[PDB]
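The chain below stands alone and is given as structure tokens, in the form deposited in one PDB entry.
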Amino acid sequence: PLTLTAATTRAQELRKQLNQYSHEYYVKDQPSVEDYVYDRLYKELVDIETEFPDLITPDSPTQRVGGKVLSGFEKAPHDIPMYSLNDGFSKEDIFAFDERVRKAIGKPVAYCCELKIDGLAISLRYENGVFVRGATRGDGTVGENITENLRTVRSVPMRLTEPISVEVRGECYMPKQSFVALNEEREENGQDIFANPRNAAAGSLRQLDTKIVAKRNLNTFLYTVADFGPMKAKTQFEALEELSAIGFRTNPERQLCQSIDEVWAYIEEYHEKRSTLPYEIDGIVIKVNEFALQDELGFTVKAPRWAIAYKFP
């Protein structure tokens, strides 16, 4: 037989090994083991959880399939507000942004450049390493609590590597290939298609039945922390490294540019690589890298003064 005692220990072992495999596959996009190895262990875990349902834990990989059905979403306040971004549309707009930054700071300034992921802004809160809240940006100060749905998003860690208390923010999006596939499925079932993957991702995260959301193939890129916790980064480039280090999925295409000249070249570089990417972007986000200089520039009412988004038409 398998006793409750033996199963309690073995279950944790399985959770640890499977989540590590899930990390490599969904977060690093680089699995280490063949699928059949994962499926075999996963099946063993499912058997144990079926026999002893009390052994089911929130960080168990079986829970990714969802199950809960909400009546509605609760309000999710952001005490550290989630701002939006000021826009630029021309090479002149970007150089003018740089001129304003140098005027305010008084010296040449480095920019961390990121692809602008076209999706839904999310905030992920963790207590002692445990996922405890997921939320939409909403209006910047109050969004929707979509914790249950984001449990189904495989790149989102249910328990972090270290027991750290942090809230991080990024983009949840639907990959192109999944957008294509979902719309076909809607065509088959007599449904209106989504106009674009941004809309598909937003309609997905608005679903109240978490079982549907788990089927929707959503993914994430994290790019900032609202509350730092123990985190050590002093620059945006450092933050992105640290975010990867504690277990989040980050976008590999960011670059540290030491002149506005390098910024526009980045912009031209990816303005064309755009088509080759598995996800949609609507532009590029230019951030003053040093956090000390970001604080110095501060925020307007709408947006940070230390950033600008170059939009593609």
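A residue's number is simply how far along the shown sequence it sits, counting from 1. We call the rigid core the largest set of C-alpha positions that still match within 1.5 Å between the two forms.
S.K.: Look up the CA B-factors in the entry and say which stretch, 223-231 or 171-179, has the higher mean.
M.R.: For C-alpha atoms only, the mean B-factor is higher in 223-231.
S.K.: May I ask you to compare 100-108 and 150-158 by their mean CA B factor in the entry and name the higher one?
M.R.: It is 100-108.
S.K.: Of the choices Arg274, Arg64, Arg249, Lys287, which one's C-alpha carries the largest B-factor in the record?
M.R.: Out of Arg274, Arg64, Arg249, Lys287, the record gives the largest C-alpha B-factor to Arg274.
S.K.: Could you say whether, by C-alpha temperature factor, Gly134 belongs to the lowest, middle or highest third of its chain?
M.R.: Bottom third by C-alpha B-factor.
S.K.: Considering every modelled residue of the chain and its Cα B-factor in the PDB entry, is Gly190 in the lowest, middle or highest third?
M.R.: For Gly190, whose C-alpha B-factor we compare with every modelled residue in the chain, the answer is the highest third.
S.K.: Could you tell me which third, lowest, middle or highest, the C-alpha B-factor of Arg305 occupies within its chain?
M.R.: Lowest third - that is where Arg305 ends up once the chain's C-alpha B-factors are sorted.
S.K.: What third of the chain, by the recorded C-alpha B-factor, contains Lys116?
M.R.: Lowest third - that is where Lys116 ends up once the chain's C-alpha B-factors are sorted.
S.K.: Which third, lowest, middle or highest, does the C-alpha temperature factor of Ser259 belong to within its own chain?
M.R.: Highest third - that is where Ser259 ends up once the chain's C-alpha B-factors are sorted.
What comes next is about the form deposited in another entry, which is not displayed.
S.K.: Superposing on the rigid core, is the Cα displacement of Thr57 between this form and the one not shown 2 Å or more?
M.R.: The answer is yes; the displacement is at least 2 Å.
S.K.: Once the core is aligned, does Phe228 move its Cα by at least 2 Å between this form and the one not shown?
M.R.: Indeed, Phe228 is displaced by 2 Å or more.
S.K.: If the CA atoms of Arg40 and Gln177 move by 3 Å or more in the other entry, do they move toward each other or away, so closer or farther than here?
M.R.: It is farther: in the other entry, the C-alpha atoms of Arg40 and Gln177 lie at least 3 Å more apart than they do here.
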